[PDB]
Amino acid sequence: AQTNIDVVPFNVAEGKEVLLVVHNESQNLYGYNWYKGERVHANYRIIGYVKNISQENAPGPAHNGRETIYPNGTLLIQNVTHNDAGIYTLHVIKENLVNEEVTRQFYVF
């Protein structure tokens, strides 16, 4: 994958904010979706973003209400809870549909 993701901090205090920072400079991106877990599947979708409209899409079944997605794909989670800990998967949707999946994790203390 071309996309890099840097989750900061890796261990987050309860009540604090976590960023899953996405670095992909490509000029041919269509958009993004984030999932909770290792799998790209609708049942685990959190939130996504469509670049040409500059808009978030509908919240997915896995959304906690505290996420914000940014136009470069980065995910913010505010006021983290213990249940937010675990595995996160970004699907980068390219205009040519040659897509990529990148999985990271963070934990909460």
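For every residue, the number given is its place in the sequence shown, counted from 1.
As the entry records it, the average C-alpha temperature factor is higher for 48-56, out of 48-56 and 34-42.
When the mean C-alpha temperature factors of 21-29 and 84-92 are read from the deposited coordinates, 21-29 comes out higher. Placement of the Cα temperature factor of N4 within the chain: highest third of the modelled residues, per the deposited record.
Among the modelled residues of the chain, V12 sits in the highest third by CA temperature factor in this PDB entry. Ranked by C-alpha B-factor against the other modelled residues of its chain, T74 falls in the lowest third.
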